[PDB]
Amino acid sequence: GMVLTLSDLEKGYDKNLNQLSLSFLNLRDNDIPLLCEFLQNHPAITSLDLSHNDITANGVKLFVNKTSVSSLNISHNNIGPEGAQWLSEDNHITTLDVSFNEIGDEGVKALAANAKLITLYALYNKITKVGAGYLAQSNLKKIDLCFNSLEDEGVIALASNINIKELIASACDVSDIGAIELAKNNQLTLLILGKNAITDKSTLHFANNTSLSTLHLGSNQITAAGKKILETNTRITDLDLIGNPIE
């Protein structure tokens, strides 16, 4: 287009990793056709980083089903709900980062209906308990939802999703109510719930959890008593409690 250059493309082209990185270049929708042309000329590139640019939903329309890119980072753009809706139509993407795009509950509604998706990063997207409800019906194995006000109702819905193996939901307005239901879940192997309102009340349920091997509960309200309880679970090889009022 008017911004993306051939020089950008070749400097961003990591030939050892077959990865194209074009972050922080102020790319716009009009730059997407040139991008796709380059990717079509180099079909081995299946991982793409377009993060921190100025792409909108129109740029997504110009990208989707053009290439064999299966891993896409388009975080920190402006693709919105419609951009997310469109991405949900892509037939190659299995790992997707749409963090910081204001995709909202409507955006996530479409993505959650895409059975192709295995991993979704969607930090800070104004996703609410309604969006979490949509994701609870998805086939996602991993979801990162940090900085979304999911609330207890949200993560309670997510806890019922038998497919999710890894859930990241820090700073999501989760209390003991939500955390306890996540603790009862028997499929999660990694759970991160930092920066929420979780107390010692949840810790017995995490001590009796049998699925988790990673549990991050940093910067909550857990005390030394909760820590003592959590440490009885020896299945958890990565336990993070940094920032809690311990001792």
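Start at 1 and count along the sequence shown; that's the residue number.
Visitor: Between 198-206 and 47-55, which has the higher average C-alpha B-factor in the PDB entry?
Guide: 198-206 has the higher mean C-alpha B-factor.
Visitor: Mean Cα B factor from the PDB record: higher for 121-129, or higher for 156-164?
Guide: Stretch with the greater average CA B-factor: 156-164.
Visitor: Among the choices 92, 76, 109, 142, identify the one whose CA B-factor in the record is greatest.
Guide: Answer for 92, 76, 109, 142: 109, with the highest C-alpha B-factor.
Visitor: Would you mind checking which of 170, 101, 71, 175 has the top Cα temperature factor in the PDB entry?
Guide: Highest C-alpha B-factor among the listed residues goes to 175.
Visitor: Can you tell me whether residue 189 has a C-alpha B-factor in the lowest, middle or highest third compared with the other modelled residues of the same chain?
Guide: According to the entry, residue 189 has a C-alpha B-factor in the chain's middle third.
Visitor: Going by the entry, which third of its chain does the Cα temperature factor of residue 64 land in?
Guide: According to the entry, residue 64 has a C-alpha B-factor in the chain's lowest third.
Visitor: For residue 227, return the chain-relative third of its C-alpha B-factor as stated in the PDB record: lowest, middle or highest.
Guide: Tercile = middle for this residue's CA B-factor.
Visitor: Split the chain's modelled residues into thirds by Cα B-factor; is residue 180 in the lowest, middle or highest one?
Guide: Tercile = middle for this residue's CA B-factor.
Visitor: Pull the Cα B-factor of residue 96 out of the PDB entry and bin it into the chain's lowest, middle or highest third.
Guide: It belongs to the lowest third of the chain when residues are ordered by C-alpha B-factor.
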